[PDB]
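Chemist: sequence-free structure coming up:
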Ligand SMILES: CCCCCCc1sc(N)nc1C(=O)O
Ligand SMILES: [Zn+2]
Ligand SMILES: [Zn+2]
């Protein structure tokens, strides 16, 4: 069973096996007087591990590495953050101090700087405009356009048809858009469409928060955004 927010005390991290050599990681953190769960991804990269996003904080991120070493035992050597926001780049300085080379799009780096967040070391080239894809070890990065934020990437794992949607994709449970300050509610339904066309083989879809689903999570989001654009 997939771990839910009430089962993860803040400062602990869980690892969930999605497919051979593909895990998600789950943590919890306070935002505005509530606690929420957050997902990220882990992909075997030959003898190494590629990390997708932090565990939303330095202490959570430290616990992430410790779980990885207990449960998997291969080093995390690279990390990709999928947008700027404490829940994707919070912990980058911990990762760096452990020896992890951290990566983000230059739009993502720019925005983390403006906002006071931690900034990954290395700039990902090749993701400037919507539709762009770039291969990154065992995964393909893909920028579909604005959505949850303007810089936000998704990640597909081709060996296993796993699609990591980051905060641009909601879980069915979720029926409200929540906090969309930095969002493009106009382009958002677009960028989902660009996702659906690019990854129709997706067997597993993971949102930035809550329960993994299938490609229905795409449409489920779209709607939820609209209801917030209409009403
Ligand atoms: C499954 C619960 C969903 C509510 C989450 C609200 C938060 S907190 C945070 N750091 N990000 C978000 C987001 O929407 O991306
Ligand atoms: Zn965000
Ligand atoms: Zn988020």
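Modeler: Yes, it's here. Numbering: from 1, shown residues only. Ligands and ions are numbered 1, 2, ... in the order given.
Chemist: list, one by one, the residues from the protein near ligand 1.
Modeler: 31, 36, 37, 87, 167, 171, 174, 178, 179, 208, 209, 210 (C-beta under 6 Å from any ligand atom). C-beta here means a position set from N, CA and C on the backbone, and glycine is covered the same way.
Chemist: pick the one among those residues closest to residue 70.
Modeler: residue 37 (20.5 Å; C-beta to C-beta).
Chemist: dig out what the closest one forms beta bridges with.
Modeler: In this structure, residue 37 bridges to residue 28 when assessed by DSSP bridges.
Chemist: for it, list the residues it contacts.
Modeler: 3, 4, 5, 8, 26, 27, 28, 209, 210 (C-beta atoms under 8 Å, 6 or more residues apart in numbering).
Chemist: by neighbours, which of those residues wins?
Modeler: residue 27 (29 neighbours; other C-beta atoms under 10 Å).
Chemist: can you pull the contacts of that one?
Modeler: By C-beta under 8 Å, 6+ apart, the neighbours of residue 27 are 8, 10, 12-14, 37-38, 55-57, 60, 63-64.
Chemist: ok, residue 126 next?
Modeler: 132, 133, 134.
Chemist: and residue 42, by the same measure?
Modeler: 15, 22, 23, 24, 25, 49, 50, 51, 52, 68, 72, 76.
Chemist: Serialize the residues you listed to TSV and add fields for neighbour count and distance to residue 128.
Modeler: Below are the contacts of residue 42 laid out as TSV (neighbours: other C-beta atoms under 10 Å; distance: C-beta to C-beta, whole Å):
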residue	neighbour count	distance to residue 128
15	17	33
22	22	27
23	22	30
24	21	28
25	24	28
49	23	27
50	23	22
51	28	23
52	27	20
68	20	31
72	16	33
76	21	27
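Chemist: now, which of those lie close to ligand 3?
Modeler: Among these, proximity to ligand 3 is found for none (C-beta under 5 Å from the ion).
Chemist: residue boundaries of the strands in the chain?
Modeler: For the chain, the strands defined by DSSP state E cover 14-19, 22-31, 34-45, 48-52, 76-80, 101-104, 122-123, 132-136, 139-143, 154-157, 162-166, 204-207.
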